[PDB]
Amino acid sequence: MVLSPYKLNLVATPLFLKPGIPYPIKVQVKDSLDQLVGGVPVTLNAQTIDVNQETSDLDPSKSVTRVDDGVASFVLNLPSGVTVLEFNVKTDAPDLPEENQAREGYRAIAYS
């Protein structure tokens, strides 16, 4: 492997915050051969920025990629005045060191 054996990609997760609707995040984990891999832990961290430039850190969430589609799912519930949601997903495979875990960051925006 080089850097990491896993590649993270969002599926069915548009980076747009819709008001009054929960925000779902679905992450797929592939290998170097573009093959889905299940049973991989995925930890999600998030941070919200509102209209008053105030910052809120969420509690980390954990999911596992399924064996039928290699997808890990999260659902976040955000306050009403949130404009930006900066989140990141990282693998936590028990056979990989900390430095060799796949990590990816995304930024969802509210309408403007």
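The numbering used is simple: start at 1 and walk along the sequence shown.
A.B. asks: Select between 23-31 and 49-57 the stretch whose C-alpha atoms have the higher average B-factor in the entry.
C.D. replies: The deposited B-factors put 49-57 ahead on the C-alpha mean.
A.B. asks: Tell me which of 33-41 and 68-76 has the higher mean C-alpha B-factor in the deposited entry.
C.D. replies: Mean B over CA atoms: larger for 33-41.
A.B. asks: Just say lowest, middle or highest third for the CA B-factor of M1 relative to the other modelled residues in its chain.
C.D. replies: As the PDB entry reports it, the C-alpha B-factor of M1 lands in the highest third of its chain.
A.B. asks: For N9, return the chain-relative third of its C-alpha B-factor as stated in the PDB record: lowest, middle or highest.
C.D. replies: For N9, the deposited C-alpha B-factor lands in the highest third.
A.B. asks: Sorting by Cα B-factor within the chain, modelled residues only, which third would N100 end up in: lowest, middle or highest?
C.D. replies: Ranked within chain, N100 CA B lands in the highest tercile.
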